[PDB]
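Right, one structure below, let's go through it.
We place every Cβ from the backbone using ideal geometry, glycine too, and count neighbours over all the protein chains shown. Please treat every number below as a calculation from the coordinates, not as lab data.
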RNA sequence: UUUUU
């Protein structure tokens with residue numbers, strides 16, 4: 001009767017005449033210690049050169065220490081390490097280091113030069129503003145499952161959904177609406193309740209995002225519109 | 001004078017100074033017989049689990065029998081088999097079986113549980129409504145090239161443009177206006193004329209379409225909108 | 001201190017505790033002389049069969065003369081030659097040859113049969129209209145960096161943003177708003193100032209683009225709107 | 001013409 005959806009069952013589906021019918025929080029706690037031996041600067045460098053580093057990881061089977069990032073994006077186990085999972089851990093680690101003030105001055109100084117931080121025009125004032133900076137460009141639904149990261153993920157997802165045009169995010173490459181949906185799905189999965197305290201924290205995050213800011217098309221906007229008309 | 005486009009002729013073109021100059025309807029007839037050895041239920045299963053199957057087919061060079069679907073999306077020949085072309089054939093196959101009364105009851109029963117049929121709220125009464133059900137989710141411009149499928153393709157395309165909001169179709173992923181245009185290009189290419197007989201058929205389809213009718217975000221929606229403003 | 005981005009350096013980044021950190025105008029002037037030995041017909045043929053020629057170059061490491069277009073799209077140097085960089089230069093060569101009247105009639109005659117010219121319905125009357133014809137399908141932000149090519153690039157970019165639907169430009173394949181943005185970034189980078197003389201020229205370009213001429217949907221529109229009104233439109 | 005719902 002009914003079988004499991006496998007690659008062979010799809011082949012059999014097409015070639016026979018027979019009737020045929022068909023948690024990251026845990027991952028984080030177990031793999032965070034492994035990357036803790038990285039440097040704060042090493043973490044910020046990974047973030048700073050994410051896109052460039054990503055290309056190198058995807059060239060072939062990238063193995064570092066006991067961990068290996070497979071070339072096959074398909075079939076990834078709860079133990080398996082993807083680039084997104086590696087990228088996310090490093091951000092979670094950096095936020096944890098925001099609990100120490102000495103690291104906060106290191107991160108705040110260095111992350112102020114990051115490409116994404118300037119594009120968002122993010123004001124880097126207090127600890128919450130620095131934490132947001134670490135979040136920029138990160139896999140929000142993944143990070144949202146980690147405790148105390150629920151609000152910071154959804155506020156940034158909302159911001160990315162509202163201002164996707166201003167941030168220059170291509171909707172064809174990144175569904176900014178789908179991302180927010182998955183974040184909410186994550187929170188409901190771990191029965192996250194949005195009481196006033198969570199809303200209290202989120203608005204403080206949103207306050208930083210609100211105060212944040214093409215620049216070239218604005219420089220020629222007065223003469224560009226005459227041709228437009 | 002004029003020469004053939006070859007790799008060497010481009011080298012001569014760039015390095016010398018001498019003057020140098022250089023249909024799914026068919027696809028269906030040739031590949032439909034191949035998938036006819038499938039079961040009626042197996043076809044309906046493919047439709048029901050299209051998205052799930054889609055991911056698996058795109059995993060690697062998917063080969064079933066003598067046919068192989070390549071991973072390389074670029075450079076696809078008129079003979080080459082894509083997932084959408086496979087999907088289209090199976091729907092065309094299923095519609096052909098709507099000419100049999102035994103199959104009509106079989107298809108009608110199974111496809112009533114399909115996700116798209118329920119989302120559209122499509123009433124499955126007569127043969128034409130069942131045919132519409134099979135069409136849901138299909139590559140309309142492809143199917144439009146097959147004879148007698150012109151009206152059912154363009155009428156459904158028209159409907160998707162009118163009720164795109166009600167159907168929950170994301171404009172960023174699917175240009176619903178562009179879709180209707182591509183269907184018309186196919187029809188105009190084979191000189192299809194919408195006389196009284198054809199428009200009559202379409203109106204019968206349109207009558208059925210007229211009578212037709214995220215979750216995690218709804219949970220946090222009340223507190224979510226505050227950040228949106 | 002700072003090191004080069006290599007596969008080994010990423011491993012060191014992730015497994016160790018050490019502190020670890022990682023213009024076409026010039027390109028044109030240095031590479032334009034090389035393509036000058038081509039024929040006008042050779043240049044115009046390249047324009048006519050761009051997509052078909054493009055695929056052959058992408059087949060393998062395509063080498064012509066001392067120049068080689070590598071298959072590896074990643075890591076392209078300021079000296080390295082890509083197809084888009086190759087294609088744009090050929091257009092630049094062709095536009096420069098519009099300053100001579102003999103070539104002007106040759107280009108006008110040949111390029112009038114080219115796909116983009118016919119699809120855009122571009123009227124080929126004077127020299128400026130001919131220059132516009134050569135630009136169609138070209139890499140605008142690259143060419144915009146070449147001097148005297150600034151206004152003609154941004155005016156056409158504006159037009160491509162406004163009429164992207166009528167021109168059959170696929171938004172999933174080509175962000176026509178991003179295109180206009182990149183051109184402006186180039187112009188602001190070389191401090192291009194849009195004074196009265198430039199805008200005057202641009203409007204002459206824009207006038208030609210205005211004068212140029214879904215299509216298949218209008219053919220059925222009489223019996224296409226009858227169904228729209230059934231669905232409440 | 002290719003791709004996603």
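Some observations on this one:
- Once the C-beta distance of residue A:29 and residue C:167 is scaled by a Förster radius of 60 Å, the resulting FRET efficiency is 0.65 to the nearest 0.05.
- Bridge type composition, the protein assembly as shown - antiparallel percent by DSSP, nearest 5: 70
- Length-normalised contact order for segment C:23-213 - Cα pairs under 8 Å, 6+ apart - percent: 22
- Among the residues of B:7-18, the average count of other protein chain beta-carbon atoms within 10 Å of the residue beta-carbon is 6.
- Plainly put, segment A:96-169 has a radius of gyration that is 0.96 times its Kirkwood radius, both from alpha-carbon atoms, as the Rg/Rh ratio.
- Only helices enter this figure: runs of n ≥ 4 DSSP H residues, each worth -39500 (n - 2.57), summed and divided by the residues of chain B, yield -17500 deg cm²/dmol at 222 nm to the nearest 500.
- Length added when fully stretched, residue A:60-residue A:199, from 0.36 nm per residue minus Cα-Cα: 45.7 nm
- Model label points for residue C:101 and residue B:101, set 7 angstrom from Cα along the Cα-to-Cβ axis, are 8.4 nm apart.
- Packing around the peptides C:192-201, B:136-145, taken as the average count of other Cβ atoms within 10 Å per residue, puts them in this order, highest first: B:136-145, C:192-201.
- The protein assembly as shown: translational diffusion in µm²/s, Stokes-Einstein, Kirkwood Rh over Cα pairs, 20 °C, 1.002 mPa s: 73
- Relative frequency of Cα-Cα separations exceeding 28 Å in segment B:23-211, percent: 23
- For the pair residue B:36 and residue B:71, a Förster radius of 30 Å applied to the C-beta separation gives a FRET efficiency near 0.65, rounded to the nearest 0.05.
- Taken residue by residue and averaged, Cβ atoms of other chains lying within 10 Å of the Cβ of B:170-183 number 4.
- Segment B:30-108 and segment C:148-223 have Cα centres lying 42 Å from one another.
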